[PDB]
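Engineer: following this: a sequence and the matching experimental structure.
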Amino acid sequence: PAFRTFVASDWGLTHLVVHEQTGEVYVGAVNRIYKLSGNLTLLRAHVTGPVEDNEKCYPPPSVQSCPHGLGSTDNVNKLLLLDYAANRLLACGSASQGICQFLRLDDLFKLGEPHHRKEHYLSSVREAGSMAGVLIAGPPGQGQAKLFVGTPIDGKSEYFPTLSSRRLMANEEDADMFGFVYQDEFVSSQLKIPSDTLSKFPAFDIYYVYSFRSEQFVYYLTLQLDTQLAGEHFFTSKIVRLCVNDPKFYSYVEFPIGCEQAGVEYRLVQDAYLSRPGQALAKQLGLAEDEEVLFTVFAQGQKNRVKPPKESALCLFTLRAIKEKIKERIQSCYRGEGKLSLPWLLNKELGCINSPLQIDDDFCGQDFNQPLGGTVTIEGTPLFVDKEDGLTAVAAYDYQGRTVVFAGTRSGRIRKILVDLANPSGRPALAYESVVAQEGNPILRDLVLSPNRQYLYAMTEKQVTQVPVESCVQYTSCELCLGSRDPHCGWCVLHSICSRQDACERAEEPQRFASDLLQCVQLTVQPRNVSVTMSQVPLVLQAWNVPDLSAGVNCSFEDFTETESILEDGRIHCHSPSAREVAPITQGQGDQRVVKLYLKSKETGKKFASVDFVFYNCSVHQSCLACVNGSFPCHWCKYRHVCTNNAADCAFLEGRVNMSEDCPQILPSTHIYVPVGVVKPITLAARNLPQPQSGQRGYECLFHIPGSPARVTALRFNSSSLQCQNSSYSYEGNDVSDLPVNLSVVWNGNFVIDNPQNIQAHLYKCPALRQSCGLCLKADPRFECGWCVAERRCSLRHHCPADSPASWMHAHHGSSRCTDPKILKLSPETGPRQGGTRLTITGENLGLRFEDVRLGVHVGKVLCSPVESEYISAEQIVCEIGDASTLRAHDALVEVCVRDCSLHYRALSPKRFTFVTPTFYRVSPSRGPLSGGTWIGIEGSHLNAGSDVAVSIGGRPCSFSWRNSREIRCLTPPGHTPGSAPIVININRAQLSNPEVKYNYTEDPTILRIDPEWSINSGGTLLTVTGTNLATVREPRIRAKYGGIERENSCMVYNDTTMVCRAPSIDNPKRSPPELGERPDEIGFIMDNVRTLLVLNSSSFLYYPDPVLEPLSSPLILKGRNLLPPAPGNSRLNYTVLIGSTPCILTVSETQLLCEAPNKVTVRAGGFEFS
Ligand SMILES: *[C@@H]1O[C@H](CO)[C@@H](O[C@@H]2O[C@H](CO)[C@@H](O[C@@H]3O[C@H](CO[C@H]4O[C@H](CO[C@H]5O[C@H](CO)[C@@H](O)[C@H](O)[C@@H]5O)[C@@H](O)[C@H](O[C@H]5O[C@H](CO)[C@@H](O)[C@H](O)[C@@H]5O)[C@@H]4O)[C@@H](O)[C@H](O[C@H]4O[C@H](CO)[C@@H](O)[C@H](O)[C@@H]4O)[C@@H]3O)[C@H](O)[C@H]2NC(C)=O)[C@H](O)[C@H]1NC(C)=O
Ligand SMILES: *[C@@H]1O[C@H](CO)[C@@H](O[C@@H]2O[C@H](CO)[C@@H](O[C@@H]3O[C@H](CO[C@H]4O[C@H](CO[C@H]5O[C@H](CO)[C@@H](O)[C@H](O)[C@@H]5O)[C@@H](O)[C@H](O[C@H]5O[C@H](CO)[C@@H](O)[C@H](O)[C@@H]5O)[C@@H]4O)[C@@H](O)[C@H](O[C@H]4O[C@H](CO)[C@@H](O)[C@H](O)[C@@H]4O)[C@@H]3O)[C@H](O)[C@H]2NC(C)=O)[C@H](O)[C@H]1NC(C)=O
Ligand SMILES: *[C@H]1O[C@H](CO)[C@@H](O[C@@H]2O[C@H](CO)[C@@H](O[C@@H]3O[C@H](CO[C@H]4O[C@H](CO[C@H]5O[C@H](CO)[C@@H](O)[C@H](O)[C@@H]5O)[C@@H](O)[C@H](O[C@H]5O[C@H](CO)[C@@H](O)[C@H](O)[C@@H]5O)[C@@H]4O)[C@@H](O)[C@H](O[C@H]4O[C@H](CO)[C@@H](O)[C@H](O)[C@@H]4O)[C@@H]3O)[C@H](O)[C@H]2NC(C)=O)[C@H](O)[C@H]1NC(C)=O
Ligand SMILES: *[C@@H]1O[C@H](CO)[C@@H](O[C@@H]2O[C@H](CO)[C@@H](O[C@@H]3O[C@H](CO[C@H]4O[C@H](CO)[C@@H](O)[C@H](O[C@H]5O[C@H](CO)[C@@H](O)[C@H](O)[C@@H]5O)[C@@H]4O)[C@@H](O)[C@H](O[C@H]4O[C@H](CO)[C@@H](O)[C@H](O)[C@@H]4O)[C@@H]3O)[C@H](O)[C@H]2NC(C)=O)[C@H](O)[C@H]1NC(C)=O
Ligand SMILES: *[C@@H]1O[C@H](CO)[C@@H](O[C@@H]2O[C@H](CO)[C@@H](O[C@@H]3O[C@H](CO[C@H]4O[C@H](CO)[C@@H](O)[C@H](O[C@H]5O[C@H](CO)[C@@H](O)[C@H](O)[C@@H]5O)[C@@H]4O)[C@@H](O)[C@H](O[C@H]4O[C@H](CO)[C@@H](O)[C@H](O)[C@@H]4O)[C@@H]3O)[C@H](O)[C@H]2NC(C)=O)[C@H](O)[C@H]1NC(C)=O
Ligand SMILES: *[C@@H]1O[C@H](CO)[C@@H](O[C@@H]2O[C@H](CO)[C@@H](O[C@@H]3O[C@H](CO)[C@@H](O)[C@H](O[C@H]4O[C@H](CO)[C@@H](O)[C@H](O)[C@@H]4O)[C@@H]3O)[C@H](O)[C@H]2NC(C)=O)[C@H](O)[C@H]1NC(C)=O
Ligand SMILES: *[C@@H]1O[C@H](CO)[C@@H](O[C@@H]2O[C@H](CO)[C@@H](O[C@@H]3O[C@H](CO)[C@@H](O)[C@H](O[C@H]4O[C@H](CO)[C@@H](O)[C@H](O)[C@@H]4O)[C@@H]3O)[C@H](O)[C@H]2NC(C)=O)[C@H](O)[C@H]1NC(C)=O
Ligand SMILES: *[C@@H]1O[C@H](CO)[C@@H](O[C@@H]2O[C@H](CO)[C@@H](O[C@@H]3O[C@H](CO)[C@@H](O)[C@H](O)[C@@H]3O)[C@H](O)[C@H]2NC(C)=O)[C@H](O)[C@H]1NC(C)=O
Ligand SMILES: *[C@@H]1O[C@H](CO)[C@@H](O)[C@H](O)[C@H]1NC(C)=O
């Protein structure tokens, strides 16, 4: 399927609304207002735009001449409101001091556009969506239609009211339009900004986000400025209310609003949506049917209303609960308690006047204690929190009780949330996510469900998108359908599709529609496994949770065949396909084919229920073991040497194998030893070896040697023993002494007998791997291979002459001392005098038992105790050296005495082991942060000695890296308390100290300010960073996370407080920063192990896009977009235009580059380059 869509050809869009009768969609935009069909085809386009004008001008040029220069500017649709009563559309713009338009409902015919009087002007403000309001009407002749409307003011306090109650006459040409409901010289149905409050706080302003009529009132969710929170701008999100029938404006109330999630504040409204909850949420939230509810979206903190944070939270307010907070607050001021507390309105705080009254929800305000504020900020019930992708918009609706919530994202995605706090579940769960403008066009607050409530029109900066509330057809299986949980979806069993109740034909009937996973179709077949050779087999089918199929059913194994079935009891009876049909499937897939046997219903003609059905083919098994000891019923024919399902297909009666133990198989004996180049027979045992029959040859042994494969014919003595005949074997290499070889026993040329234990023949050569007595007697007693004195080499008795009765020596049981031990080399060459070192000696002709080498090892005089486990016989001894403090020598040769220190049986090391006492004198940072993670460089002498090393700062262990004669490098642990700390290094049994060389733990550095608060996509600009203890980190660097990519860059420390840093590149071909600017996912600094500095919560650092540049005595002029960003303060890019190597003196402008040239051209700005 494809998502129905309307694209914004030229400009940005601002507002959308749906006509409750027609389903026509009206769309407010900059310079345009469109009418669209339900499926988003363009129906009519109104030009409202580019108008010659100027914001500074009061009454706009039409009425009076203005001395300020005029220019063609864009007219932003600020507001849009459906007036069904007068068959039209209020289409309120800007850029004319905010004059309002009336477009006729069905053709967009301008009925009127009043702009003579001062009330016809709404606000200079050119910002979209900072305005809102509601249209409310009575019948013609009675109290006429009124408009309640909030807008920002931009400091034009005396020109416009922020909130107003205005008149809507039936004639659009009538001059009375947008006049106040009741005007007096004392009090008018409007609320102005006081001049005193603008003098005190310079640019205070009220931005109106959402607005709705409820019962008899009118609410507004608003954003205001710092007035008890001159300084900087911080915003407070509040609710406002009025009685509809209060011309005096005395009912005004104003409570701060937000919500908290695990100690994180969310105080900035982005959107809201009044709705119903339906039976579900209502009940367990404790409400009556017609009781209302308010879904909202808030961003984290109270910072940057112009560009809020990603961190966003969807909260909830029951209107009964806000009504109680307002009633509770009024029944409180009418007790005379405290002040009114409304900073921006009343600068000098007037007091609450006590009085006896019946305080009701019907209370519409009175003369004294007047317009009043709120102290207790109203907290909301949180539902879902996005941390990587900011929520932007919301809607909700009642579906068959269950409450579905819709949530726009900064990405251009919509979430479909069942709110389940009042529902059984642990917390409200996301059901589904969907895509609109994937590239990252944010969704806008104006997000309306259709009248039929089948779709949801989702608006972006650049496109409207008809997203269906229900799209269950994406669900392929009963198990996934009812698994998604998004409540519109059910499994329409007989159609085998997923959709709503009203879409499944005959759903009302028994078992025809499934709503809980337990209703899903469950199927089983009695003969699950059927052989390829069988045909038309009777199968019984048990199925549960299925409607009456007396309509008829067919069995289809897949889209290959289809057999008719008859019904009896609670079971279905159909037949397997014919052999003629079965094999066309199984051909190719060999061993077996699992196939999804369906049921095709006669009523629908769609497959719905399935099972795993197995088609097994015995024949493809090419050994007895696979055939019988497999998973299936298969018979093996000893004599034909073929696997098949039919007993009769076997050679004859006494050659059928049905049991795995009766297989023709080779049994193991104690290992098959085969010397190279020696004539030997190889007797084998086995079981049930076949008597070769008519036209069948005898047995052979085939040896799979990569060098040479030998074919030797054999004799089968009985059903249980074989023997390959006298022959010699070889391999070409002399590289490995012991080579195990795969052997296959064949008869009649190609019939290979089964080898389960996979018995091998070991071809051994008397050593091509061992030129030392110790190595030979080390190897198997099986080989018979032994060491022969005279030759100075090792071979069997067979291959070595007996000149003496004891000239050939073999390790009898290992009780064989071995001559002329030799040491090749030993590791650690140096060691500490205290000992404890593990000496690692590697020789060639050592002793064959441990208990003879133990006590034999010595380092000069020093007794060395050898280790059992780490000792590899006659190749290697691992030995632990004892205390060498008392030794006079500085270095000594190593000695091994095999068992006795006999004159021929002693070895002495070619180079000698050295004793030292390592010392240290300096550390190369002597200071570091308390969190630790500092790269320490301990300088000294003999530091590479011994085996183990352990460095302890304050008793706590250092993470070791590498060791040297002169240096030890390790990474510091966290310190307990800041200040001087002892450094203890222990090498084996030597523990060396120095109280003159200490390590000073410092208080963790802090980051305060980065100065410019921005950079470009490729980075590379200077950043003037300030903080504390910055000299205590030697190599600090900046870190930034943009999208799925993390990047780093260098810093240069100057003071303990100052640092210059080069901004990190975020160059991503997936995302590019917008012209407006964008915060990174994360920004911080890498400073050792101080991890709180890796991620900066309070940071407002922005990233702008890299410059766009156009290629091919008079000066150089280089044109292009994005040359200068809208940045705070002075701070701009240090551009340098160069020619081969020579820089020029240039003046930089927003679209052009004014270099100067005397007549290969490169432009640089930070880490950016272009030609
Ligand atoms: C269940 O599975 C079985 C087995 O997997 C399968 O039966 C196979 O059916 C296909 C037909 O599509 C056969 O494949 C074709 O074979 C053509 C020639 O067959 C000759 O060679 C056979 C192979 O001998 C090998 O196997 C034996 C024993 O393991 C081994 O000792 C040998 O060394 C050798 O490797 C041989 O079995 C066969 O003799 C059969 O037929 C006679 C007469 O009916 C019967 O008496 C025997 O008992 C025996 O069953 C015969 O001599 C060949 O033309 C063709 O090859 C061409 O096409 C391919 C692919 O395009 C090209 O790559 C190639 O270059 C050729 O141009 C093709 O391979 C296959 O031989 C059957 N398998 C067997 C064991 O016979 C069925 O799908 C399933 N059974 C059912 C009932 O559905
Ligand atoms: C051809 O088929 C055969 C036979 O089916 C198959 O044989 C396997 O051989 C390996 C050896 O390589 C066996 O591994 C051994 O396991 C020994 C313990 O066996 C007991 O426990 C088994 C596992 O118990 C779990 O699973 C079962 C069933 O799922 C469950 O009931 C239990 O609760 C538990 O979760 C169990 O399978 C087994 O029961 C078998 O035998 C009985 C009696 O015949 C029969 O009733 C069952 O039907 C079933 O076949 C039994 O209860 C373990 O002790 C052993 O290690 C020792 O023995 C060796 C040799 O004696 C010593 O050298 C060694 O030092 C140890 O002392 C070994 O690890 C494996 O269990 C066999 N598998 C089966 C299914 O029987 C081959 O794999 C097949 N070969 C080929 C080439 O296809
Ligand atoms: C440790 O070392 C560091 C430096 O390594 C040091 O930090 C600087 O210290 C020096 C003095 O030693 C200060 O420089 C003085 O600035 C005086 C005027 O200040 C104005 O101009 C500043 C510099 O402009 C440069 O940088 C900007 C931005 O990068 C750039 O656009 C320009 O092109 C230009 O190159 C400017 O930063 C500063 O703005 C500060 O103040 C505002 C508002 O209060 C604040 O919001 C900012 O955050 C910012 O801090 C301001 O506009 C100037 O008069 C003075 O010149 C005298 O001294 C020189 C040399 O001794 C004499 O030759 C001359 O006759 C003058 O008497 C000098 O240039 C600089 O302000 C510090 N930097 C910062 C960021 O604070 C630490 O102080 C050192 N610690 C010590 C000394 O213990
Ligand atoms: C291929 O397709 C076939 C479909 O027919 C599948 O065969 C079925 O396998 C399952 C197990 O894999 C069997 O369930 C078991 O049933 C036994 C009781 O068996 C007795 O009753 C059977 C039905 O009433 C009957 O068919 C049996 O008779 C057979 O055996 C005789 C003698 O060998 C033979 O002559 C006949 O021809 C029959 O073949 C027999 O009297 C039951 O004891 C099992 O429970 C045990 O195991 C479980 C799990 O470990 C354990 O929890 C219990 O405690 C208990 O120990 C088990 O339920 C089923 O009976 C088979 N159906 C038939 C018709 O034989 C087969 O699975 C498919 N093959 C593969 C590889 O998938
Ligand atoms: C281990 O590491 C710690 C931390 O690095 C060391 O402590 C630091 O010592 C340095 C020496 O280089 C100090 O700098 C000097 O500060 C003194 C005056 O110190 C006073 O002022 C400080 C800054 O305003 C202030 O932080 C101090 O207060 C601390 O102590 C109290 C009480 O214990 C505590 O309650 C506080 O919380 C503070 O922690 C203190 O009142 C000054 O004389 C020096 O000035 C010289 O240099 C300047 C500039 O060049 C020059 O103009 C002058 O003429 C003069 O020559 C110098 O600034 C630093 O303040 C200490 N930092 C911390 C965090 O304590 C500690 O010494 C190390 N141990 C060892 C054994 O070396
Ligand atoms: C404007 O939007 C409207 C709806 O808001 C829309 O017109 C509708 O199109 C649908 C199909 O997209 C039509 O619904 C049909 O109703 C008839 C019964 O009269 C059925 O026969 C149709 O069934 C067919 O289609 C099924 C699903 O694809 C098939 O399974 C089946 O085999 C049939 O072929 C179908 O349910 C309907 O006619 C109108 N709606 C109304 C109220 O008339 C249209 O897409 C948009 N039009 C424009 C000009 O933009
Ligand atoms: C449920 O199962 C039943 C029985 O298993 C099954 O009945 C089948 O119906 C089709 C007709 O749709 C029969 O096929 C016909 O057979 C004649 C010969 O007698 C053929 O000449 C025809 O084949 C032509 O048409 C085909 C399809 O267009 C072409 O592929 C082909 O090239 C020919 O031109 C004709 O289709 C078939 O014989 C029976 N099946 C059996 C096993 O007899 C039916 O499909 C199912 N019932 C229902 C109501 O769906
Ligand atoms: C000597 O014989 C050995 C053992 O028989 C051979 O090594 C291994 O042979 C087995 C066959 O039993 C291979 O195992 C296979 O594994 C896959 C797993 O995906 C499985 O699907 C197959 O059914 C099969 O069991 C295994 O690949 C193979 N080992 C290696 C490393 O390839 C060996 O090939 C023989 N030596 C020589 C030199 O041929
Ligand atoms: C060869 O084998 C036969 C029979 O096993 C035996 O008599 C003879 O000793 C063997 N010959 C040699 C040279 O090993």
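Structural biologist: Cool, got the structure. Numbers count the residues shown, from 1 in each chain. Ligands and ions are numbered 1, 2, ... in the order given.
Engineer: doesn't residue 283 fall inside a strand?
Structural biologist: No: applying DSSP: H, G, I helix; E, B strand; the rest coil, one finds residue 283 to be helix, outside a strand.
Engineer: contacts only, for it.
Structural biologist: Neighbouring residues of residue 283 by CB atoms under 8 Å, 6 or more residues apart in numbering: residue 422. Every C-beta, even on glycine, is put in place using the N, C-alpha and C of the backbone.
Engineer: how about the one 10 residues further on?
Structural biologist: Residues in contact with residue 293 (CB under 8 Å, 6+ apart) are 274-277, 281, 285, 287, 316-319, 396.
Engineer: one more time with 10 Å, if that's ok
Structural biologist: Counting by CB atoms under 10 Å, 6 or more residues apart in numbering, residue 293 touches 273-278, 281-282, 285, 287, 316-321, 396, 403, 419.
Engineer: ditto for residue 164
Structural biologist: 119, 122, 133, 147-151, 178-181, 188-192, 249.
Engineer: number of residues surrounding residue 919?
Structural biologist: 12 (other CB atoms under 10 Å).
Engineer: returning to what we had before: out of the contacts of residue 293, which are inside strands?
Structural biologist: If you go by DSSP state E, the contacts of residue 293 have 273-275, 316-318, 396, 403 in strands.
Engineer: between the residues you listed, which has the most around it?
Structural biologist: Using other CB under 10 Å as the neighbour criterion, residue 403 leads those with 27 neighbours.
Engineer: so how far is residue 245 from the residue nearest to it when sequence neighbours are not counted?
Structural biologist: Counting by CB to CB, 6 or more residues apart in numbering, residue 403 lies nearest to residue 281, which is 4.4 Å off, once chain neighbours are set aside. According to CB to CB, to the nearest Å, residue 281 and residue 245 sit 31 Å apart.
Engineer: more neighbours: which of the two?
Structural biologist: The neighbour count for residue 281 versus residue 245, taken as other CB under 10 Å, is higher for residue 281 (26 against 12).
Engineer: so the more buried one sits against residue 397, correct?
Structural biologist: No: in this structure, residue 281 is not within contact of residue 397 by CB atoms under 10 Å, at 11.4 Å.
Engineer: which residues does residue 497 bridge with?
Structural biologist: Listed by DSSP bridges, the beta-bridge partners for residue 497 are residue 492.
Engineer: give me the residue from the protein nearest ligand 6.
Structural biologist: Here the chain gets closest to ligand 6 at one residue, residue 39, 3.7 Å apart by CB to the nearest ligand atom.
Engineer: that residue: neighbour count?
Structural biologist: 12.
Engineer: now residue 323: phi and psi?
Structural biologist: With angles defined as degrees, to the nearest 10, residue 323 sits at phi -60, psi -40.
Engineer: check contacts around it.
Structural biologist: Contacts of residue 323 (CB under 10 Å, 6+ apart): 214-215, 217, 241, 291-292, 361.
Engineer: now list the buried members of those.
Structural biologist: Neighbour-count burial (16 or more other CB atoms under 10 Å) is assigned, among those, to 214, 217, 241, 291-292.
Engineer: pick the one among the residues you listed closest to residue 171.
Structural biologist: Residue 171 lies nearest to residue 217 out of these, by CB to CB, at 28.7 Å.
Engineer: quick check, that closest one in contact with residue 361.
Structural biologist: Yes: using CB under 10 Å, residue 217 makes contact with residue 361 at a distance of 9.4 Å.
Engineer: okay, and the common contacts of the two?
Structural biologist: What both residue 217 and residue 361 touch, as defined by CB under 10 Å, 6+ apart, is the set 323, 326.
Engineer: how about the helices of this structure, start to end?
Structural biologist: 195-200, 278-285, 319-333, 478-484, 579-586, 624-628, 773-776, 850-853 (DSSP state H).
Engineer: which other helices and strands contact the fourth one?
Structural biologist: Judged by 3 or more CB pairs under 10 Å, 6 or more residues apart in numbering; DSSP states H and E, the packing partners of helix 478-484 are strand 490-492, strand 497-499, strand 513-514.
Engineer: on that earlier part again, and the residue of the chain closest to ligand 6, how far from residue 179?
Structural biologist: Counting by CB to CB - residue 39 and residue 179 are separated by 40 Å.
Engineer: now the spatially most central residue of the chain: closest residue in space, sequence neighbours ignored.
Structural biologist: Centroid-nearest residue in the chain, with CA atoms, centre = their mean: residue 1044, separated by 8.7 Å. Sequence neighbours aside, residue 1070 is the residue nearest to residue 1044 in space, at 7.7 Å (criterion: CB to CB, 6+ apart).
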